[PDB]
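Spelled out, the chains give:
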Amino acid sequence: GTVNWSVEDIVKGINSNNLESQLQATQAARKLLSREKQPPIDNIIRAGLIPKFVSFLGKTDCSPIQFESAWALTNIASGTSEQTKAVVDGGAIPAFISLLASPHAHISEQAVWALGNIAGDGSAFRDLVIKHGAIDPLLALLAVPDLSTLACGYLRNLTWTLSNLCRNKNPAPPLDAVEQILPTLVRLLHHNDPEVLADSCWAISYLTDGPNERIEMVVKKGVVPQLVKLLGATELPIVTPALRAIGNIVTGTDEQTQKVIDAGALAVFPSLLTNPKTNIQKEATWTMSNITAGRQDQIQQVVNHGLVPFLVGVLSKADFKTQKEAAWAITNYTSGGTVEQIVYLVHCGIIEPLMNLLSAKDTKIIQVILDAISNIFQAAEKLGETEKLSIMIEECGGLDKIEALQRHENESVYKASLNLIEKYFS
Ligand SMILES: NCCCC[C@H](NCc1cccc(-c2cccnc2)c1)C(N)=O
Ligand SMILES: NCCCC[C@H](NCc1cccc(-c2cccnc2)c1)C(N)=O
């Protein structure tokens, strides 16, 4: 009946003076916009159908045409930014918000999905969805004693849309909106469905992707222990945002970082730092680099949990971007650490992999490593053992790499190189 209509016929039906003809044509449009291979979204838009779809959203008396038009519109709004804008410009946002409280679950759910795609397009549309009042009725759909009584797909949909209201930057979402959403987020974060957990984790990672005040309003809700638990999950779609969130949180204050350690995060890092997924290992090392930039007592906890050999491991062998993060973790450790902590680092074998990376055609990691070497000598000076350190560096071929850096493009590299040589190598 409604399979593979032409746009011309859809237009004829929607323009008819007959609600049933309009319904049948709207369903035809929905199916056309749903096809996997290149759905003719721009042709539907050019045909002027968006405002007609939007007017159908208001037909309380005909719930099937509300549903079909909602679905058609959602198909369009899930496209490019220009296509999402066409839907918003047709007046769809308040129409969809009014549909959240529909008695028909299928329709409500379609409106949830539409608003998530609109909000997800960017900061301005996100904020516009919020200004039209979407948050209260969305939260109201989750106001049941036990989330398990809700249909799984319905709950995943709501969680995903809430995560889009948390998502973008410049600006970040309104503080007021974040505080309104966060308690429901915390509740979703302990719900036993992997997709809900993943999307809740993503939402938390967005909210913590900012200044310390933003991190604080999340941490104050007490979610860090649950994040650390999820960090240990077997499902990669859960571990990835949980680690992103934890990583964001330790870019904050010493106290915020301490909550992460206190919750037992460091015990997961032997696995994370050797994870077969490259981006997990990269993000875990980044996280370590922010922890070693903390207090000496926090560095000591990294030591105590046996993580220094793992950092030596990543420095020794890893995707290059991961090795760069490891170099940062080592520079931060040596800038901030006690003499005894720095000695321990050398006893763990940091020198050879550090020196091997001076071969890297990448100016930034080089300065970073030279910085680390300078820091280690400084600790050695306080023990009167630069000579022993110099021999070490000399034996693994480090002197040759530093001397080769004499004749190198960069001024910081040059200067730092020659300084090290004349100061510690005859
Ligand atoms: N002074 C501005 C800040 C300088 C320090 C720092 N550079 C951050 C930075 C640089 C390069 C890479 C990352 C990174 C990589 C992988 C995962 N996660 C992150 C992070 C930052 N916090 O922006
Ligand atoms: N005062 C504490 C916060 C700043 C710490 C300070 N700045 C550098 C710093 C701290 C933490 C992480 C990074 C970093 C840079 C690039 C890539 N990945 C990670 C850099 C330092 N040298 O310890």
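Draft legend 1. Highlighting the overall build of the protein chain. Within the protein chain, the secondary structure is distributed over 28 helices and zero strands. Rg of the C-alpha trace for the protein chain: 28 Å, well past the compact-globule value of 22 Å for 426 residues, more than 25% over. Considered along the principal axes of its C-alpha atoms, the protein chain spans approximately 95 × 50 × 30 Å. Once local pairs closer than 6 in sequence are excluded, the contacts in the protein chain between residues at least 24 apart make up 68%.

Draft legend 2. Expanded view of the packing of aromatic side chains. Summed over all chains, the structure comprises five aromatic pairs. Three or more aromatic residues link up through ring pairs in this structure, and these residues are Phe377, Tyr424 and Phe425.

Draft legend 3. Layout of the site of ligand 1. Contacts to ligand 1 come from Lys282, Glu283, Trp286 and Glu325. Within the complex, the protein chains bury 27% of what would otherwise be the 540 Å² of accessible surface of ligand 1. For the shell around ligand 1, the leading source of residues is helix α19 (residues 278-291), giving three residues. When grouped by side-chain class, the residues that make up the shell around ligand 1 number one nonpolar, no polar and three charged.

Draft legend 4. View of the pattern of salt bridges. If you walk through the whole model with that rule in mind, you get 10 salt bridges. In this structure, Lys85 and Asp89 form a salt bridge, with 2.7 Å as the shortest nitrogen-oxygen distance. Taken together, the positions of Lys85 and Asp89, both in helix α6 (residues 81-89) and four residues apart, correspond to about one turn of that helix. The exposure class assigned to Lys85 is partly exposed, which follows from its relative accessible area of 42%. Accessibility expressed as a relative area gives 52% for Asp89, which makes it exposed. One salt bridge in this structure joins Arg244 and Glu283, with 2.8 Å as the shortest N-O distance. Separated by 39 residues along the polypeptide, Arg244 in helix α16 (residues 236-249) and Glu283 in helix α19 bring together distant segments of the chain. If you follow the salt bridges from partner to partner, you end up with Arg156, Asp193 and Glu195 in one network.

Draft legend 5. Seen up close, helix α2 (residues 19-34). The end-to-end C-alpha distance of α2 is 22 Å, a good match for the 22 Å that 16 residues give at a rise of 1.5 Å each. Residues of α2 that are buried: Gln22, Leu23, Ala25, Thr26, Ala28, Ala29, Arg30, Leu32 and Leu33. Looking at the buried residues of α2, the elements they touch are α1 (7-14), α3 (41-46), α4 (50-57) and α5 (63-77). The residue sitting at the N-terminus of α2 and contributing the capping side-chain oxygen is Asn18; that oxygen lies 2.9 Å from the backbone nitrogen of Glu20.

Draft legend 6. Spotlight on the site of ligand 2. Residues in close proximity to ligand 2 include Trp286, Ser289, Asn290, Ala293, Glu325, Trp328, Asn332 and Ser335, which together make up its full environment. Between ligand 2 and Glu325, the relevant distance is 2.7 Å, taken from a nitrogen atom to a side-chain nitrogen or oxygen of the residue. Taken by itself ligand 2 offers 530 Å² of open surface, and the protein chains cover 48% of this. Taken together, the elements giving at least two residues each to the shell around ligand 2 come down to α19 and α22 (320-336). Ranked by residue count, the leading element in the shell around ligand 2 is α22, at four residues.

Reading guide: rules and limits
Residues numbered from 1 in each chain as written, not as in the entry; some residues may be left out. Chains lettered and ligands numbered in written order. Heavy atoms only, no water. Residues with missing side-chain atoms left out of burial classes, pairs and counts. Helix = DSSP H or I, 4+ residues; strand = E, 2+ residues; numbered from the N terminus. Rg over C-alpha atoms; globule rule 2.2 N^0.38 Å. Contact = heavy atoms within 4.5 Å. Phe/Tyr/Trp six-rings, centres within 6.5 Å; stacked < 30°, edge-to-face > 60°. Near = heavy atom within 4 Å. Areas by Shrake-Rupley, 256 points an atom, 1.4 Å probe, with all protein chains shown as cover. Nonpolar A, V, L, I, M, F, W, Y, C, P; charged D, E, K, R; others polar. Salt bridge = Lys/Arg side-chain N within 4 Å of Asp/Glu carboxyl O. Buried < 20%, exposed > 50% of the residue type's maximum accessible area, 1.4 Å probe, protein only. Expected span 1.5 Å × (residues − 1). Polar contact = N/O pair within 3.5 Å; in protein donor to acceptor, adjacent residues only side chain to side chain.

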